[PDB]
């Protein structure tokens, strides 16, 4: 019985990391085998290049950094496929959607071009979008100093997420991320249990393919 591939997506400060951590804790406590992953995975050689770019410690040509982001997912594919086939549900904080939305916020990068490198990745059984007004997210403290952490860029990424959400090939679910941490968590947990139960019924597919 394979595990489910669950992705959380959303703009800066939407609550993705908090909710991913909580979701894995809850599934494990409910007797599910669940593990947490995140992208970018900053521990590999590629992830270190990405981390330095994000921390503004290095500048990286925009097409190159986009391909590094995708390569950072592809290096985890053999692990992702093996875990799911063993019955483990994987909760992923950001995936190929953040990859397209953020590079897509830069001038002159088509959505078609940004998707391609990620064409063929494991397709998620469930993609939660943690929806909240950029104004409310801005209240969640201040912006970090990482690249992309400013209002104008986030607004452009958000518009790109909105385009991606027209692909009905994916099981997208809107989550009202403006609620409390517990309330948001319960919404996400219920949706996740439903997805786990159906994932055991259909083979893992390929994204954008």
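Positions refer to the first chain, counted from 1.
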Averaging CA B factors per stretch from the PDB record, which one is higher: 193-201 or 20-28? 193-201
Pick between 65-73 and 157-165: the one whose mean CA B-factor in the entry is higher. 157-165
From 46, 174, 37, 184, residue of greatest CA B-factor: 174
For the CA B factor values reported in this entry, which option in 119, 132, 126, 90 has the top one? 132
Among all modelled residues of this chain, ranked by Cα B factor, put residue 139 in the bottom, middle or top third, i.e. lowest, middle or highest. highest
What third of the chain, by the recorded C-alpha B-factor, contains residue 101? middle
Quick one: classify residue 79 as lowest, middle or highest third of the chain based on its Cα B-factor. middle
